[PDB]
Amino acid sequence: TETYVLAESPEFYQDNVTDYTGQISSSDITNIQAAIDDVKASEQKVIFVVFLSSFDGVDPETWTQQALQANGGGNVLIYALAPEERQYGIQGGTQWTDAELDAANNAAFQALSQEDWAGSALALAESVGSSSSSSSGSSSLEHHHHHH
Numbered sequence: 041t042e043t044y045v046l047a048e049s050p051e052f053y054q055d056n057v058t059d060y061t062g063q064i065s066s067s068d069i070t071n072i073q074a075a076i077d078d079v080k081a082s083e084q085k086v087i088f089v090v091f092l093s094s095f096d097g098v099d100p101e102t103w104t105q106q107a108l109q110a111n112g113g114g115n116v117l118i119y120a121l122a123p124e125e126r127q128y129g130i131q132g133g134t135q136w137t138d139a140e141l142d143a144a145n146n147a148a149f150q151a152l153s154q155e156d157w158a159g160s161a162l163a164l165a166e167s168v169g170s171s172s173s174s175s176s177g178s179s180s181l182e183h184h185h186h187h188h
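Start counting at 1 in the sequence shown, then tack on 40, and there's your number in the deposited numbering.
As structure tokens, then:
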């Protein structure tokens, strides 16, 4: 019974990638989004990538955590990147392990040293997307249509 669910997909989550830089190519933003949705669909984990100009005076890890608090991060992961200052921060919700967060940190960092800012977010998602196995649960949906 390792098949997927037909239709009834989550129509929420308009975007998982927000920029304040305008430096990231729109198509690559969609690529990052696609990588995140794989995690959202298989691991039920919702990642959020924010490309900031800088952190002003909030600090990267502190900024992410606060954004996570306001979001009530259950399955949420806040990733804040400041390309202008080569600094970043990564924090996940209750449904994320310290190991997952670290792997995501190392994943993004690889592209960040290369200054491939968009690739860091993409790699961050891929590090978790690769976890997508044949582990299917007993779940099935249907809008049984009213008649008489």
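Cβ coordinates follow ideal geometry from the N, Cα and C atoms, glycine included.
Per DSSP, the unbroken beta strand (DSSP E) holding residue 121 starts and ends at 116-122. Scanning 169, 129, 181 for the CA closest to the CA of residue 103 turns up 129. Here the alpha carbons of residue 175 and residue 156 stand approximately 33 angstroms from one another. Close CB contacts of residue 126 within its chain, under the 8 angstroms cut and outside five residues either way in sequence, are with 152, 155 (chain order). Non-local beta-carbon contacts of residue 80 in its own chain, meaning distances under 6 angstroms to residues more than five positions away in sequence, involve 86 in chain order. Burial state of residue 92 is buried, judged by a 10 Å Cβ sphere holding 16 or more other Cβ atoms.
Pairing residue 90 with residue 120 gives a Cβ-Cβ distance under 7 angstroms. Taking the Cα of residue 118 as reference, the smallest distance to any Cα among 51, 166, 131, 73 is reached at 131. For residue 136 and residue 115, the gap between their C-alpha atoms comes out near 7 angstroms.
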